[PDB]
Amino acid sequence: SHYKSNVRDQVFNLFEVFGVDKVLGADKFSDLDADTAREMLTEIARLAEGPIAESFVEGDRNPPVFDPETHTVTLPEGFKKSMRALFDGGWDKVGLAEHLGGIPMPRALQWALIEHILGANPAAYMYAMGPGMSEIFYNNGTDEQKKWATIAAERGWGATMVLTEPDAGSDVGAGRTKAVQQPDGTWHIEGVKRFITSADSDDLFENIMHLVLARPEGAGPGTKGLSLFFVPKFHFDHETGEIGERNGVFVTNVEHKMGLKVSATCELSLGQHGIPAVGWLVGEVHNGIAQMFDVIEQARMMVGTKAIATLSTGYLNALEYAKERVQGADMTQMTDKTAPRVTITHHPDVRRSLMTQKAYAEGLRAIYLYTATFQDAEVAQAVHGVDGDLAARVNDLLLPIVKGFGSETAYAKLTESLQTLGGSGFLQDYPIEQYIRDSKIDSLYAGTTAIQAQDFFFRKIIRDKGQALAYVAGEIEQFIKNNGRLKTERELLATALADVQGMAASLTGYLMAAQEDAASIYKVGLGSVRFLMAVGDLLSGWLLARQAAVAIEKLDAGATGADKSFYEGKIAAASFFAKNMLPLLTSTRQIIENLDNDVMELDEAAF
């Protein structure tokens, strides 16, 4: 029970702020209503706090062991027991398509449900991502492939996304894994892939579906020459799903990692052990990188939600500790050797820290749920009034913030959680150091922060012609211009909005100048990450401010008890974030407006 849930804040966001309950009980969600939604969140939170979290420590202390001659991995018993708990409740099939055995629901609710597993034992969700991949394989497959996808979903097969090679990580287009077409239309995949998550998973599933990018012989270079292939660990009867002969795809190494140790991160050899790795061309078309980006988009959303979930149970652990730990006297009596001892929540610096953890943890939760409300065209219409096209664009703009800004912030602020515990924070007895170790990875896989920032500017803003960016900007400006108890917050948000507008203009300016002087484009790269983070802060402050507005109406209406405390905290957090986080964006804008290429022209030897 390391994991501390927060269903209350999830429901507040989903219903009182974004109004996702408006589509519940109607249309696609005809058979699921607001009170069923609340019960599902509560149920998976209890399961996460119990069976799923019970093996959080065990997985880290007792990580998988690799047998190099069987090419398999043994997982610790307690963690497998948690996996079965997850399956027995059917939680690998929330938001899964109905025709695959799923329960239809808005994606905002689905990701909120997944938050609890990511918070209690993130690697358990990664192992359990098979069905969701089967759906993507289904959506992209031939009719015949759709039958396989249905089988995989029903049978609970695991799955992997196979891109990375030793010399091709960020530069996916440099991968050299080959695909050799056979007369009967199958392909033989030949190469070595690296860092593949869940490439083997002990006896959790009867099969693993590997989705492998490979370059067909003679195809062009870059990502555009790449194709995607369904490569099952086991051959299987394509009508009954019956498991057959082993396919030539074998794990040949398992990495030793700083954290997330219970997730087998594997070197994967295809067609190197005298057995062909048979693959099937997904959709029987050559459109590899486009197809895998359906999966990359899911992976990036999960990583951000993972980091945010971890920060939130990090904060709540730090809060509970701070509440019971007595140390020192109140600052108004610090000169009195005999003054009463106080719990450390009385100390200004501990309070500064807890509110920093709170505001960012809750600000990020708002961000990922906000992002999710544009993932269904029909939730996007009901709660935002935007059509499918703008919704998709707005969702694509927000993903790199969820991933890039969520991974970086979660890890940073976990430093505060650990600090709240003093020296005991450095002990394994408490979960925060594992939170830190487990979450460090989130700035790296599924595309690094710099890649996130490069995606954000060039594709999600410039290639987008700024349409999504402008929609969100307009919603921020609308809130600013609408009581007076939020007068100061709106002023601080107006400054920050303008600050981000300034950054966007400078970086655009640097791009335009690259028409005349190629090197000018380096200035965009230099400021890309600071800009991504600046947008994340602006969204946090805006969404917190929205939450404070709802909290004041509900407080004004007579809220009492625990409700009253919750709403009071939202008001405090929005005000604290506006007054302590948002002003730094002013300086950041001024730094971006003055970037120069000195650091680019400097001789490498001078570093």
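We number the residues from 1 along the sequence you see. What we label the rigid core is the largest C-alpha set whose atoms superpose within 1.5 Å from one form to the other.
- Between stretches 574 to 582 and 61 to 69, the one whose Cα atoms sit farther from the displayed model in 7 other deposited structures of this protein on average is 61 to 69 (core-aligned, root mean square).
- Modelled in this chain, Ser353 is likewise built in all the other compared entries whose models extend past it on both sides, so a third of them omitting it does not occur.
- Of the other compared PDB entries of this protein that include residues on both sides, at least a third leave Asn483 without atoms.
- Missing deposited residues between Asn482 and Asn483: 1 to 3, all without coordinates in the entry.
- Annotation for 334 to 342 versus 277 to 285: the higher mean temperature factor (C-alpha) is found in 334 to 342.
- Comparing the deposited coordinates for 467 to 475 and 102 to 110, the stretch with the larger average C-alpha B-factor is 102 to 110.
- Residues shown: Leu539, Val65, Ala34, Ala48. Highest C-alpha temperature factor in the entry: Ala34.
- Considering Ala329, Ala505, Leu532, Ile451 together, the PDB entry gives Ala329 the largest C-alpha B factor.
- For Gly175, the recorded CA temperature factor ranks within the middle third of the chain's modelled residues.
- Ranked by C-alpha B-factor against the other modelled residues of its chain, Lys193 falls in the middle third.
- Split the chain's modelled residues into thirds by C-alpha temperature factor. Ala545 is in the middle one.
- Among the modelled residues of the chain, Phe576 sits in the lowest third by CA temperature factor in this PDB entry.
- Looking at the C-alpha B-factors along this chain, the one for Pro122 belongs to the lowest third.
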